[PDB]
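This report concerns only the one structure given below.
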Amino acid sequence: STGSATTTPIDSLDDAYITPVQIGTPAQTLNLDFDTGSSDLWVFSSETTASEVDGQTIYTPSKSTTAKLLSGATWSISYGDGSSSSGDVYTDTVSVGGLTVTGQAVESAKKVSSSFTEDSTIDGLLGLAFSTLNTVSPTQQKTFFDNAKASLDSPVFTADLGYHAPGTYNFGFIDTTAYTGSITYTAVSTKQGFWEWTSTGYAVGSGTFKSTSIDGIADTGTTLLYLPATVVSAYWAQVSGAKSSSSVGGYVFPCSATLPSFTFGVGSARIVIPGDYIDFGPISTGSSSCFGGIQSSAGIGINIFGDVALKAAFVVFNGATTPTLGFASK
């Protein structure tokens, strides 16, 4: 089997991407944030505290003939941005882009933190990291990809995120029309439950490439590119007037600037992030200070190849017995 679904930016900045997912019988379609940095499929629901729902579409298990309470199971998750959610668990039929999993754990939120409530466009998350990070207790549950894997034509999914445009998540096949050149594959460590890999270096603009190993995670659920402070300083030093602002929470730059590109290495290959992808717009409405899309990972404890980086590439998440990642230009 295969599946193919379009993923759409939630706003004009590509702050996140939403993909429609069918849950239950008859189908209830919710727009979920596919997140290769976590491993829980959780939704706003008829169980979510009413004051914490503000415009989201909810899953109502009592209206699904295939829903079943997973008795005794609870979940609770906290994300790197400080947001969180928790609740109980049902199993139900879940379909993405024509690919159907029966018996998928659907984690129903009883509580969500303010950032989730305040984002009316995201109805939940669909985790695509390794199932060892799933938070369901006392019986850990498998991700949608893990459950689908055996049925897929090939044990892979791909992320093809758009810049200010829709893109695609494919399951079970690699669309050879969706990228240019060849795909370069690179080793993955699953020791922390992430799609963790080692970039071979970077360049700023037209500058020379610096060969240096940068361990980090491929994380579709993180907006920005978070890299070591040395690398990030070297980037922003090429932008007149850019500075790190403790009050804003990272590097800002004059909105009048033209940003240089940023290249990262994948083995001997190179992925180029155009400068425009690094512009996250005014820090507040009407400000002439703009927020940068490359930020320091110092204090986060891991480097994160988030959407800013991934959207410049066609990315293969290869879930074979020994997982690997593939990157191609597009």
Side-chain angles (χ1 to χ4, degrees), residues 13-17 33 35-39 77-84 115 125 127-130 133 159 161 186-190 192-205 207 209-239 242 244-253 259-267 270-275 277-280 283 290-313 315 317 325 327:
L13 298 179
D14 298 349
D15 281 316
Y17 298 77
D33 184 352
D35 180 12
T36 63
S38 69
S39 306
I77 194 161
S78 308
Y79 296 103
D81 67 354
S83 68
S84 64
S115 61
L125 267 63
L128 292 167
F130 292 87
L133 293 178
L161 303 178
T186 196
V188 164
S189 172
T190 64
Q192 295 190 88
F194 301 120
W195 294 92
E196 188 170 1
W197 65 289
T198 302
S199 173
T200 49
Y202 68 99
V204 177
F209 186 84
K210 175 72 167 180
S211 293
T212 183
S213 295
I214 304 168
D215 180 288
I217 66 167
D219 184 1
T220 57
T222 290
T223 312
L224 306 185
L225 174 53
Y226 294 88
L227 294 173
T230 48
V231 178
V232 176
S233 184
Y235 178 81
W236 289 108
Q238 297 305 310
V239 178
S244 181
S245 166
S246 58
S247 55
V248 175
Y251 280 89
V252 298
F253 68 93
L259 296 178
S261 65
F262 185 87
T263 301
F264 64 94
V266 182
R270 305 289 180 253
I271 299 294
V272 180
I273 305 170
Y277 290 26
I278 299 161
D279 179 9
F280 279 75
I283 61 173
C290 274
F291 196 67
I294 294 177
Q295 299 292 345
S296 179
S297 65
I300 302 179
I302 197 158
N303 299 308
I304 306 173
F305 294 86
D307 298 332
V308 162
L310 304 181
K311 75 179 66 177
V315 188
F317 295 78
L325 281 166
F327 292 82

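Every heavy atom of this structure was used, including side-chain atoms; hydrogens, water molecules and symmetry mates were not. All residue numbers refer to positions in the sequence shown, counting from 1.
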Rounded to the nearest 0.5 Å, what separates atom [atom1] in [X] from atom [atom2] in [Y]?
X      : Y      : atom1 : atom2 : answer
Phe305 : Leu310 : CZ    : CG    : 9.0 Å
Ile283 : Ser247 : CD1   : OG    : 7.0 Å
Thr190 : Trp195 : OG1   : CH2   : 9.5 Å
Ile77  : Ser38  : CD1   : OG    : 5.0 Å
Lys210 : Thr230 : NZ    : OG1   : 9.0 Å
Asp215 : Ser189 : CG    : OG    : 7.5 Å

Looking at [Y], is its backbone amide N or carbonyl O close enough to the side chain of [X] to form a donor-acceptor pair, meaning the two atoms are under 3.5 Å apart?
X      : Y      : result
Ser78  : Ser84  : no
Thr220 : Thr36  : yes
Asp219 : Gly37  : yes
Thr212 : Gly201 : no

With a 4.5 Å heavy-atom cut-off, do [X] and [Y] have their side chains touching?
X      : Y      : value
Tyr226 : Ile302 : no
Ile217 : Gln192 : no
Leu259 : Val239 : yes
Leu227 : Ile214 : yes
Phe291 : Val248 : yes
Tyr277 : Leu225 : no
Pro260 : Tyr235 : yes
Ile278 : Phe253 : no

Next item on the list: Mind running side chain to side chain donor-acceptor pair (under 3.5 Å) on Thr223 and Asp15 for me, showing each step along the way?
Entry: CA-CA 6 Å; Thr223 312; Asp15 281 316; 4.7 Å; no

Do you know the tightest heavy-atom contact between [X] and [Y]?
X      : Y      : answer
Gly221 : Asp33  : CA-OD1, 4.4 Å
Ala309 : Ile273 : CA-CD1, 3.7 Å
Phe317 : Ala159 : CE1-CB, 3.9 Å
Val308 : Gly293 : CG2-O, 3.7 Å
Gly193 : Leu133 : O-CD1, 3.4 Å
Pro228 : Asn303 : CD-OD1, 3.2 Å

Check: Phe264 vs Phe327 aromatic rings, parallel, tilted or perpendicular, using cut-offs 30° and 60°?
Finding: perpendicular

Check: What residues form a ring pair (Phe, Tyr, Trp, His ring centres under 6.0 Å) with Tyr202, not counting sequence neighbours?
Finding: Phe262

Next item on the list: List for me each residue that meets ring pair (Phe, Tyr, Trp, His ring centres under 6.0 Å) alongside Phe280, sequence neighbours excluded, and say none if there are none.
Entry: none

Check: Tell me, which pairs form a salt bridge (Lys or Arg N to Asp or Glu O under 4.0 Å) where one or both residues lie in residues 298-313, sequence neighbours left out?
Finding: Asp14-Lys311

